Amino acid sequence: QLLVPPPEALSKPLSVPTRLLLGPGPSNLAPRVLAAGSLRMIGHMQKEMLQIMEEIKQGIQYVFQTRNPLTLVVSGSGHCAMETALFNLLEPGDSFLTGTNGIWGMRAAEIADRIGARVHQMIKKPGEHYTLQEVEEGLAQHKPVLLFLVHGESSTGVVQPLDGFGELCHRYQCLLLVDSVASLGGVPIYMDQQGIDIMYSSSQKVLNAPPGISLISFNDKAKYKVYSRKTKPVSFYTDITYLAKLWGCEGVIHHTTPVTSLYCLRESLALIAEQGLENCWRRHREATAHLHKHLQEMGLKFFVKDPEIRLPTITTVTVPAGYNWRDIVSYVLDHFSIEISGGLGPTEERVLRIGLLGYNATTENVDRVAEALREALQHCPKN
Amino acid sequence: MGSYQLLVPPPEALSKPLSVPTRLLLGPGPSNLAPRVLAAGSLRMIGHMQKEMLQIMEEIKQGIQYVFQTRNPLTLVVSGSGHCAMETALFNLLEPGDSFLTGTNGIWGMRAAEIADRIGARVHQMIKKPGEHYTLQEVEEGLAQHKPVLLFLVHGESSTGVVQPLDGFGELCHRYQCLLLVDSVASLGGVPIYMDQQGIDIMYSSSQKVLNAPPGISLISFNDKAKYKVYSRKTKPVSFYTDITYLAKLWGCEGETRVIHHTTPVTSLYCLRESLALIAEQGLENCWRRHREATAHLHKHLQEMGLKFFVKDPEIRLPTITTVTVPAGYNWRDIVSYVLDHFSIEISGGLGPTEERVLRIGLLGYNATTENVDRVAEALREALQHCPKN
Ligand SMILES: [Cl-]
Ligand SMILES: [Cl-]
Ligand SMILES: [Mg+2]
């Protein structure tokens, strides 16, 4: 007799319902990504896997708008690639500065504290962005080696302007690391042209691939910082000197990269390349304008008061006065099979979040969620 | 749409349809997938906090508890493939200055030693030649000498083709106030393991060896003694995202939930759930039997064609990954290429200390069959006939 018996719960067939995911992530998968999902396995070091890896690197270079050879995939979902960036870039005692205008800057600060950096934060209210003047004041005061700036603040629905920030940092002998998890593919970014030194994103937002892999790129200035270190990064597996070899970034090793995740990412990148970035950005702007018109018509208010900093991909809507937000979210799910979310970090209990991400950024999906919200407002209990 | 012109053009290579050839994967991993797991790869997405996902997470925990044979409530999934979960184990278990003991008999012990050095541990290694295992006497002498807080022991040494006996090691460690961490990445599902009954305090494995489950997630479990070491830390572990004191709350491992962001690789979980369902349906005993039978059959073929085992003692030969000494006069790359080119079968060379010294043949779950053994045996006999020899 075995200690632990076969779980009865596993004897039932796996079933996943069909829903429209209009929250902050994960997004619905595009047909090409769906098709990729049941492809057979091949060996990690085989000719065809090496070709798929090179095509993925080219695709990431295209979406990021970078020529950086140190551009690759790391395991992990959401914003966890910040750990890969920080573990490599920061040594104990290094001065680090964050744009803490939501949960992401705060999280970067927490990680940097854990590895022994001297952590400094420019704290702003949720719903605000950073000006060049504010960042220059932070650089002057703290003299950081690295600035962390969030492009798409998915906890607050904020899009951060990127022009001029990289060169401002360079004037202070500081590198610029950008988080574009919630913005990449939906908002204009030109990594090399904007002087961004390190950037990461995820597969599950605009890219419409399954969660679990992240995209990261380091320029040679950033690689120079890593090679100047007194000590090896705390993580062997996310050490850029190991990852670079694995991904053939220096003219290759043994490793277990996630094969099926690579097939899906390859297809997601192919779809963006075929549409072209300009069309992808226009499509998100167009979907968001239509959503913002419906929200205004329903009398719902925006959490972000300045229209110019509203993130096209994820909109923060102030919870309507008198309602329980959980009833609105549950009503939309039960009656329309649409997933929307509440808040995150500083916006917990304060907002609804609606995401219009890649394949889902259509005026048709906007009409579906607008209808669902209208019905929720007339039927959910009010005070 | 923005303030600059696009200067990196779309890659033309991405416009070609994505296809992959049909091959039999008999290397050290990944293995070919069972039809249910393949099918689970194309399932639709759902939200991370939704009722259906929470239920899948619950069934996965139960499934891991079953394959590990543990009642530990702190049993969950972490991101990362291969043996990466050793980082999650070591970042949580070791503080700067902690004495750490490793069974360095292949690449995995060397890897644990490196990671432990990176985090400021006082690292002590019991170095043995590739192809050997640790005796209870050897481990006791290491424990006595170094007084480690943690011993790292590799169950399935996939770089050398060695299976480590586990009976008595946990109990021995506890007499020296030491925790036992076991790596079962290459052995789980194919070799008998009884986590609680063998006194294993921490164990990890991954989903792409015997489990046949993409995309490459890790399974990990900590008992109460291991939890106590983690909560007694004077400093936070280096990773927030793999901090077990936060991940335990997320996964509902203590009754007191706090939805700290962390992660959920959804398609990953679907495939893992199905793989765990297949193993539970078949039963662990039958799974272990299938591996022994397939390996026995492979070993009989190898003996008959004159190939020599890298592991001298037959009882220490890992059923799931067999190491074969490269035969004298041949270029091992020619053998591996011949098997691929003429039979569409993937086998491998060595790893770490067995690089250039061995061939590796894996029989991992779904692929651990008689027909597959017969196929690789024919491919190997023909490679020995037709590859150039000195
Ligand atoms: Cl979907
Ligand atoms: Cl397959
Ligand atoms: Mg409309």
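Residues numbered from 1 in each chain as written, not as in the entry; some residues may be left out. Chains lettered and ligands numbered in written order. Heavy atoms only, no water. Residues with missing side-chain atoms left out of burial classes, pairs and counts.

J.: Please set out the coordination of the magnesium ion (ligand 3) residue by residue, giving values where relevant.
T.: Looking at the magnesium ion (ligand 3), the protein donor atoms are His290 of chain A (NE2), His294 of chain A (NE2) and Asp367 of chain A (OD), and they sit 1.8 to 2.2 Å from it. For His294 of chain A, a relative accessible area of 13% translates into the label buried. (Donors = N, O, S within 2.8 Å, 3.2 Å for Na, K, Ca; no water. Buried < 20%, exposed > 50% of the residue type's maximum accessible area, 1.4 Å probe, protein only.)

J.: Report on the UniProt feature "binding site: substrate" in chain B, specifying residues and quantitative values.
T.: The positions UniProt marks with the feature "binding site: substrate" are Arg360 of chain B. Looking at the secondary structure, you find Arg360 of chain B in strand β13 (residues 358–362). (UniProt positions renumbered as here; feature names shortened; annotations may be inferred. Helix = DSSP H or I, 4+ residues; strand = E, 2+ residues; numbered from the N terminus.)

J.: Provide a residue-level description of the interface of chain B and chain A, including the pertinent values.
T.: With 96 residues of chain B at the interface, the matching set in chain A holds 93 residues. If you list the elements that add at least two residues to the side of chain B that touches chain A, you get α1 (35–40), α2 (51–68), α3 (85–93), α4 (107–118) and α9 (266–282) of chain B. Broken down by class, the residue content of the side of chain B that touches chain A amounts to 46 nonpolar, 32 polar and 18 charged. (Contact = heavy atoms within 4.5 Å. Nonpolar A, V, L, I, M, F, W, Y, C, P; charged D, E, K, R; others polar.)

J.: Break down the environment of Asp306 of chain A for me, citing the residues and quoting the values.
T.: Residues and elements named next belong to chain A. Relative to the helices and strands, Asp306 is located in the loop between α10 (277–297) and β11 (314–318). Between the C-alpha atom of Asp306 and that of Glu286, which follows or precedes it by 20 residues, the distance is 18 Å. Separated by 3.0 Å, the side chain of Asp306 and the backbone nitrogen of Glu308 make a polar contact. (Polar contact = N/O pair within 3.5 Å; in protein donor to acceptor, adjacent residues only side chain to side chain.)

J.: So, the UniProt feature "binding site: substrate" in chain A: which residues are in play, and what are the values?
T.: Under the present numbering, the feature "binding site: substrate" in UniProt falls on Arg353 of chain A. With relative accessibility at 7%, the residue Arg353 of chain A sits in the buried group.

J.: Describe in detail the domain arrangement of chain A, supporting the description with residues and values.
T.: Residue and element names in this part refer to chain A. Examined at the domain level, chain A breaks down into domain 1 (1–29 + 276–383) and domain 2 (30–275). If you average the C-alpha positions of domain 1 and of domain 2, the two centres end up 26 Å apart. Taken together, the contact between domain 1 and domain 2 spans 32 residues of the former and 41 residues of the latter. Summed over both sides, the interface of domain 1 with domain 2 buries roughly 2800 Å², with 65% coming from carbon and sulfur. At the junction of domain 1 with domain 2, the criterion picks out zero salt bridges. (Domains from an automatic or database assignment. Buried area = accessible area lost by both parts, 1.4 Å probe. Salt bridge = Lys/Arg side-chain N within 4 Å of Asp/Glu carboxyl O.)

J.: Break down the pairing of strand β9 (residues 198–202) of chain A for me, citing the residues and quoting the values.
T.: Each regular strand shows side chains that alternate between the opposite faces of the sheet. Residue and element names in this part refer to chain A. Buried residues dominate β9, accounting for five of its five residues. Where burial is concerned, the two faces of β9 agree: the one with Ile198, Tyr200 and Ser202 and the one with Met199 and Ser201 are both buried. Bridge analysis of β9 against strand β10 (residues 213–218) gives five bridges, and the strand direction is antiparallel. Each bridged residue has a counterpart across the sheet, and for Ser201 the counterpart in β10 is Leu215. (Pairing = 2+ DSSP bridges.)

J.: Describe the sheet that holds strand β9 (residues 202–206) of chain B, and please don't skip the residues or the numbers.
T.: Residue and element names in this part refer to chain B. In space, the seven strands of this open sheet follow the order β2-β10-β9-β8-β5-β3-β4, with mixed pairing throughout. The sheet terminates laterally at β2 (74–79) and β4 (122–127), the two strands that pair on one side only. Along the sheet, successive strands turn relative to each other by an average axial angle of 20 degrees, direction set aside. Relative to strand β8 (residues 179–183), strand β5 (residues 150–154) runs parallel, the two being bridged by five bridges. What sits directly across from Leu153, in β8, is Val182. The sheet strands contacting α9 are β2 and β10 (217–222), and the helix crosses β10 at an angle near 70 degrees. (Axes fitted to C-alpha atoms, helices over the stretch in contact; angles between N-to-C directions.)

J.: Talk me through the domain arrangement of chain B; I want residue IDs and the actual numbers.
T.: Residues and elements named next belong to chain B. Domain parsing of chain B yields domain 1 (1–33 + 283–390) and domain 2 (34–282). Using only C-alpha atoms to locate each centre, domain 1 and domain 2 end up separated by 25 Å. Contacts between the two partners involve 32 residues from domain 1, matched on the other side by 41 residues from domain 2. Of all elements in the fold, only α10 (284–304) and β11 (321–325) reach the threshold of two or more residues within the side of domain 1 that touches domain 2. Looking at the side of domain 1 that touches domain 2, the element that brings in the most residues is α10, giving six residues. By residue class, the composition of the side of domain 1 that touches domain 2 is 16 nonpolar, 11 polar and five charged.

J.: Explain the side chain of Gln61 of chain A residue by residue, including any values.
T.: With respect to the helices and strands, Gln61 of chain A occurs in helix α2 (residues 47–64). Among the polar contacts listed, one links the side chain of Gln61 of chain A to the backbone oxygen of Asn68 of chain A, at a separation of 2.8 Å. Beyond its immediate chain neighbours, meaning those up to four positions away, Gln61 of chain A contacts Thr66, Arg67, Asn68, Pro69 and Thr71 of chain A together with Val8 of chain B.

J.: Provide a residue-level description of the nonpolar core, including the pertinent values.
T.: Generally speaking, soluble globular proteins have nonpolar side chains that are buried together. By size, the foremost hydrophobic cluster in this structure holds 204 residues, and its most contacted members are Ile198 and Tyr263 of chain A together with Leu93 of chain B. Top contributing element to this core by residue count: α9 of chain B, with 10 residues. Sequence-distant contacts of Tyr263 of chain A, that is, excluding residues within four places in its chain, are made with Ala36, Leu39, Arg40, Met41, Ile42, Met49 and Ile52 of chain A together with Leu18 and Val20 of chain B. (Core = buried A, V, L, I, M, F, W, Y, C linked by side-chain atoms within 4.5 Å.)

J.: Describe helix α5 (residues 136–146) of chain B, with residues and values.
T.: Residue and element names in this part refer to chain B. Turning to α5, its buried residues number three or more, namely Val139, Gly142 and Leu143. The buried side chains of α5 occupy one side of the element, clustering within an arc of 100 degrees when seen end-on. Turned more than 90 degrees away from the buried face of α5, the exposed residues are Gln137, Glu141 and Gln145. Here the buried face of α5 lies against β3 (99–104), β4, β5 and α6 (169–175). One or two steps after α5, the chain reaches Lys147, where phi turns positive at roughly 45 degrees. (Arc of directions from axis to C-beta.)

J.: Which residues make up unusual backbone geometry, and what values do they have?
T.: Note that the residue after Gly25 of chain A, namely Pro26 of chain A, is joined by a cis bond; omega there is -5 degrees. Each neighbour pair has its own omega, and for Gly29 of chain B with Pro30 of chain B the value is 0 degrees, a cis peptide bond. Assignment of secondary structure puts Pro30 of chain B in the loop between β1 (24–25) and α1. One non-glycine residue, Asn208 of chain A, lies in the positive phi region at around 65 degrees. Here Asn208 of chain A is to be found in the loop between β9 and β10. Look at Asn208 of chain A and you get buried, because its relative accessible area is 5%. Positioned with a positive phi, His262 of chain B is a non-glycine residue whose angle comes to about 50 degrees.

J.: Mind laying out the pairing of β10 of chain A, listing which residues take part and the relevant values?
T.: All names here are of chain A. Buried residues dominate β10, accounting for six of its six residues. Alternating residues of β10 divide into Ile213, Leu215 and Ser217 and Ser214, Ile216 and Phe218, and every residue in both groups is buried. Summarising the sheet, strand β2 (residues 70–75) and β10 pair through six bridges and their orientation is antiparallel. Directly across from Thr71, in β10, lies its bridge partner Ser217.

J.: I'd like a rundown of the state of the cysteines, residues and numbers included.
T.: With the rule as written, the count across this model stands at zero disulfides over all chains. Here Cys264 of chain A stays unpaired: no disulfide links it, and the sulfur of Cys271 of chain B, its closest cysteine neighbor, is 9.7 Å away. With a relative accessible area of 4%, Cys264 of chain A lands in the buried category. (Disulfide = S-S within 2.5 Å.)

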